[PDB]
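Asker: Please read through the structure below; I'll follow up with questions.
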Amino acid sequence: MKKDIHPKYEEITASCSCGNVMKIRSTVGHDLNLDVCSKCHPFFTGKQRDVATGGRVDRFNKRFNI
Amino acid sequence: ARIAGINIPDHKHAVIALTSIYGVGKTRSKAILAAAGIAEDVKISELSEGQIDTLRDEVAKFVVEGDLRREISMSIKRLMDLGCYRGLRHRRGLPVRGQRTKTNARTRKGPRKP
Amino acid sequence: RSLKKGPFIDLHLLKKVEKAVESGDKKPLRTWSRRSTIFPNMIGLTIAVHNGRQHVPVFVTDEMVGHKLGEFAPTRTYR
Amino acid sequence: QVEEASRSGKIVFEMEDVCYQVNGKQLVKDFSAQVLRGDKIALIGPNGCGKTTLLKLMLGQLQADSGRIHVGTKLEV
Amino acid sequence: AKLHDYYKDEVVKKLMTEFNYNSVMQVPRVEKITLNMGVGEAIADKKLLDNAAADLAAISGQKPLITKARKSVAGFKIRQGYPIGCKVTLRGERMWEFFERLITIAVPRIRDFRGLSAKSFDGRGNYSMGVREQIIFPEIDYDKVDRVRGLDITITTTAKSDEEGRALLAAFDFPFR
RNA sequence: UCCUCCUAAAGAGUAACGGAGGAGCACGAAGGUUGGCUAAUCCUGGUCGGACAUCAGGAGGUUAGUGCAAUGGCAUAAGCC
RNA sequence: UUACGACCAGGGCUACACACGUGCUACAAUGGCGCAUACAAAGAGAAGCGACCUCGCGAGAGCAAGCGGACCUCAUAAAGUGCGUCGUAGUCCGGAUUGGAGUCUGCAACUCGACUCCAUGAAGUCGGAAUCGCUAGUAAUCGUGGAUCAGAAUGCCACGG
Ligand SMILES: Nc1ncnc2c1ncn2[C@@H]1O[C@H](COP(=O)(O)OP(=O)(O)OP(=O)(O)O)[C@@H](O)[C@H]1O
Ligand SMILES: [Mg+2]
Ligand SMILES: [Mg+2]
Ligand SMILES: [Mg+2]
Ligand SMILES: [Mg+2]
Ligand SMILES: [Mg+2]
Ligand SMILES: [Mg+2]
Ligand SMILES: [Mg+2]
Ligand SMILES: [Mg+2]
Ligand SMILES: [Mg+2]
Ligand SMILES: [Mg+2]
Ligand SMILES: [Mg+2]
Ligand SMILES: [Mg+2]
Ligand SMILES: [Mg+2]
C-alpha cells in the first residue's frame, strides 16, 4: 500500500436476506442487507429446470379427449 | 430495492416499479401485491425491508425475467429450424400474423430503402 | 385454436394413415388435405402435400404433431 | 460550427421556492422559474449580483439554502 | 483472510489425497488475480476513463494502473501512449479477500446465470472470465453509472496443466457447468 | 556545398552526365549522473472487441528500438522509466 | 361450340427492394388510470333477438322464460360530473410487433377470421416544399344503431350528447 492513494477499506456485515450471516471488508463505506448469496445458490433448481422445452406429443395427449 | 433482475425504479408506487421486471405487467403487479397484502399506494422508498422479502417470494412462483428469455428465444428458434410458415417468416423478418405486405409492415422491416 | 373439444381432421387421410402403419414404409403418400392436422402415429411417413400445383414431399418429425400439413408447403415463390 | 446532439428533455431547469443568500446580502430570494427546450435566456444585471453563482446553483456547484433544483434529463452541458 | 485459513489445510488435503501428491507443493496454488477492463472508446472523452478508473478502484481497494497503447493501429485510430484502459493486479490478503466476495456475493448477481464455463483455459491451468456488466458488485450505486462497463478477470495459477486447474477452483465451490 | 552505401580489386585513397537515398535541423531535456527494466512476432484464453486495441501465460530471443537517410554498432545496453 | 363451354379438389385475388390516395390510433395534464353517479335519439329481431339464474379472471358455457314486437331482447351509452393517484418522463403517454394459453361461427381458421387472458413494449416528443374541410346546432369532439352477413368494418348509411 502507498499511504492513502487507495480508497477506504470498511469492514461491512454481509447480512443476507434469508439468513446466511457473513462478515467482510469492502470499499463501500456502508453496510448492506442484500439478496441471495452463494449458500442460497439458485444454481441447481434452475439447472434442472432446463427441461421445459421439448416434446409436442405430450401436450397433444391432454388436448385429446374426444 | 432489489428484485429478481433489478429494481432500479424507487420513488414510484409499488404497482408500477414492479412492472420493470421482465414478466410482470400492470396486472401481475396487483396479484403479487394482493398476495403479499401490501397496499398498492405504498412508495418503494418507504416500504419496510421485512416486506420487500415478501415481495421477492412471490416472483419465484411465476416465470420471470431470467428464464423467460430462454423460454422465448428457444421457441422462436424451434420454429425457425422447423421451416414452417411461421419459421420461414422469422428467418426473413416478415409479418407472421397475417398482416399486409403491400404498403405497411414497417415495424418488422425498418426504415425504407430505394 | 380450433376449439376445446374435437380437433378437426379428414376422413380419407386418417384411413390412409392407418394403412401405412399396416403396410409400413412405402411410397410417399400423395395427399391434398392441407386442412388436416398431424398425429403421433404418423412419424417416419413422407406425405406429398399439395402446395397448389404439385406435391412437395416431407419427412415428419416429432414436433410436427400439433400442426397441420399446410404450413409445411409454401404456396408461392420469391426471388 | 457547433456540434448538435439529441434533443434534451422538455424541462431543462426547474427551481421554485429556491432562496440562496450570501452572508451579508441576498443574491436570490424565493426564485420560481422554468427553462424549457430551445429557450434562449440572457442573465443581465449589476456587478456581483449573483449571475455567476446562479449558474453554479443550476449545475449543482454549490448547494441552495432551500427550495430544491431539478435538472434536465438528457443534458450535455 | 476468511478463505486462506481454509485452503492452507483443507484444499491441500482435498487434493493431496486426490491427485496422489507426496508434497504440500506439488499441489497447485493460486497466486494472483489480475483484473482489468479496456475502455477503448475513451477517444471521445477522457471522463470515460477518469470515471471508469474509479470503478475498479471501487471494486478492488487499489488505485488502478492505466494501461497504454503498445503499438499504433490505424483501424482503431490510436497511437502509442493513449490511456485506453485501467488494470489492477491483486496479491496476498487482498487477493483472497476479493476472491471471497466474488464467488459469494458477486457471482450470484449475474443476470441469466446457468453455471460457469469450464473450457476457458489456456493449456497451462489459468482461468479467464468476463461479466458483461459491472453493476453485479455491491459497490456500484446504479446512480453513478453512465455506461455498461464490463471486466476481464484472469485467475493466474501455478498448476502445470488445465485438467488440475479445475480441481483447484472446484475445491473452492466454483460453479463449473 | 555536406552525409551514407556500392563501384573500390580483404590497410588508406581512387573516376565517369555510373547505381540508390538524404542535410541546410531538433533538444533546457531529447544533456550529466544514480537507481531499476527488457522487445518484434505468432499461438492459446478472455465483455462489447473485430484480421489488428487492453489483459493472462506460452514459444521465440532482438526478426524490435534509436528525434530524422544509409552504414557500423548497442544488453554492462547506446533502448524504456 | 368433343372446347374461348361443363363438373371436382388444391392454390391465387391477402405477394413486396418501393412510390401515391383515403382513413384510424397517437405523440399526453383541456390528459391517462381507479372508485362510485348521471342526462338521449334512432333502429333490428323467427332455421331470429336472447332475459333472469349458475359457472367461467374474459371472450363465454348450461339451463332458459319472453317477443312477430310503444309489451320482451340487443339496452350498461360515452364525453360529463365528485373524489383519489400520476408531477413532464419515451412516462401510470403511445398499444405497434412477437411468445404462450384459450372462446366462437363454420365440413373445415396453415397459407387467410374475429374476439379474450397473460406477457412483451417498436416508431412516435406536433410534422419540409406544399395542400384540404367548414358560416350555427355548422366546425370540432363523444358514443349508439343499421344494411351486406354463418363468421368477418378503422369503410358506408343513419342517430343523438
Ligand atoms: N468564493 C466566494 N466567497 C465569498 N463571496 C463570494 C464568492 N464568490 C462570489 N462571492 C460574492 O457573491 C456575490 C455574487 O458573486 P458572483 O460571482 O455571482 O457575481 P456576478 O453576479 O456574476 O457578477 P459580475 O458580473 O460582477 O461577475 C458577490 O457579492 C461576491 O462578492
Ligand atoms: Mg579499401
Ligand atoms: Mg586493395
Ligand atoms: Mg538521446
Ligand atoms: Mg544503469
Ligand atoms: Mg542517455
Ligand atoms: Mg382484392
Ligand atoms: Mg383480412
Ligand atoms: Mg396503456
Ligand atoms: Mg396487453
Ligand atoms: Mg428512436
Ligand atoms: Mg414527451
Ligand atoms: Mg355480420
Ligand atoms: Mg345485422
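Sequences listed follow chains 31, sm, ss, U and 5, in order. The deposited numbering applies: residue 1 is where the first sequence begins, and numbers increase by one. The deposited numbering applies: residue 1 is where the second sequence begins, and numbers increase by one. The deposited numbering applies: residue 2 is where the third sequence begins, and numbers increase by one. The deposited numbering applies: residue 308 is where the fourth sequence begins, and numbers increase by one. The deposited numbering applies: residue 1 is where the fifth sequence begins, and numbers increase by one. We put the CB at the ideal spot given by N, CA and C, even for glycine.
1. For chain sm, is any of its Cβ atoms less than 8 Å away from the one on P75 (chain ss)?
2. Three or more C-beta pairs closer than 8 Å, one from the stretch 29-41 of chain ss and one from the stretch 53-70 of chain ss: is that the case here?
3. Return the chain-ordered list of same chain residues with a C-beta closer than 7 Å to the C-beta of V21 (chain 31), the five sequence neighbours on each side being excluded.
4. Can you tell me which of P28 (chain 5), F76 (chain 5), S23 (chain 5) and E10 (chain 5) puts its alpha carbon nearest to the alpha carbon of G40 (chain 5)?
5. At the level of alpha carbons, what is the spacing between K43 (chain sm) and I52 (chain sm)?
6. Is the beta carbon of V319 (chain U) less than 8 Å from the beta carbon of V342 (chain U)?
7. Please report how far the alpha carbon of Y327 (chain U) lies from the alpha carbon of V384 (chain U), in whole angstroms.
8. To the nearest whole angstrom, what separates the beta carbons of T158 (chain 5) and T89 (chain 5), a pair I think is in contact under 8 Å?
9. Taking a Cβ distance cut-off of 8 Å, strictly less, list which residues of the stretch 97-131 of chain 5 are near chain 31, in chain order.
10. Comparing C-alpha positions only, which one of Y82 (chain 5), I153 (chain 5), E31 (chain 5) and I140 (chain 5) sits nearest to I43 (chain 5)?
11. Does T101 (chain sm) come out as helix, strand or coil in the three-state DSSP assignment?
12. Should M322 (chain U) and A340 (chain U) be called a contact, given that it needs their Cβ atoms to be closer than 8 Å?
13. What residues of chain ss sit near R78 (chain sm), judged by a beta carbon separation below 9 Å?
14. Decide if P58 (chain ss) is buried, meaning its Cβ has at least 16 other Cβ atoms within 10 Å, or exposed.
15. Consider the C-beta atom of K317 (chain U) and the heavy atoms of ligand 12; say whether any pair is separated by less than 7 Å.
16. At least one CB of chain 5 closer than 8 Å to the CB of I44 (chain sm): is that the case?
17. Determine, for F43 (chain 31), whether the minimum Cβ-Cβ distance to residues of chain 5 falls below 8 Å.
18. Between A52 (chain 31) and chain sm, is the shortest Cβ-Cβ distance under 8 Å, so that the two count as touching?
19. Mind listing, in chain order, the continuous alpha helix (DSSP H) runs of no fewer than 4 residues lying wholly within the stretch 13-84 of chain 5?
20. So is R132 (chain 5) buried or exposed if we call it buried at 16+ other beta carbons inside 10 Å?
21. Kindly indicate if chain sm contains any beta-carbon less than 8 Å away from that of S15 (chain 31).
22. Return no unless some Cβ of chain 31 is closer than 8 Å to the Cβ of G25 (chain ss).
23. Beta-carbon of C18 (chain 31) versus every beta-carbon of chain 5: anything under 8 Å?
24. So the candidates are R2 (chain sm), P114 (chain sm) and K102 (chain sm); which of them puts its Cα closest to the Cα of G50 (chain sm)?
25. Quick check on the DSSP output: the alpha helix (DSSP H) that includes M322 (chain U) runs from which residue to which?
26. Bridge partners for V335 (chain U) per DSSP, in chain order?
Answerer: If we stick to the structure as given:
1. yes
2. yes
3. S15
4. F76 (chain 5)
5. 12 Å
6. yes
7. 23 Å
8. Between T89 (chain 5) and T158 (chain 5) the Cβ distance is about 16 Å, and since that is not below 8 Å, they are no contact.
9. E97, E100, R101, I103, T104, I105, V107, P108, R109, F113, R114 and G115
10. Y82 (chain 5)
11. coil
12. yes
13. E64
14. exposed
15. yes
16. no
17. yes
18. yes
19. 47-59
20. exposed
21. no
22. no
23. no
24. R2 (chain sm)
25. Careful: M322 (chain U) lies outside any alpha helix (DSSP H), inside the beta strand (DSSP E) at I318 to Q328.
26. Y327 (chain U)
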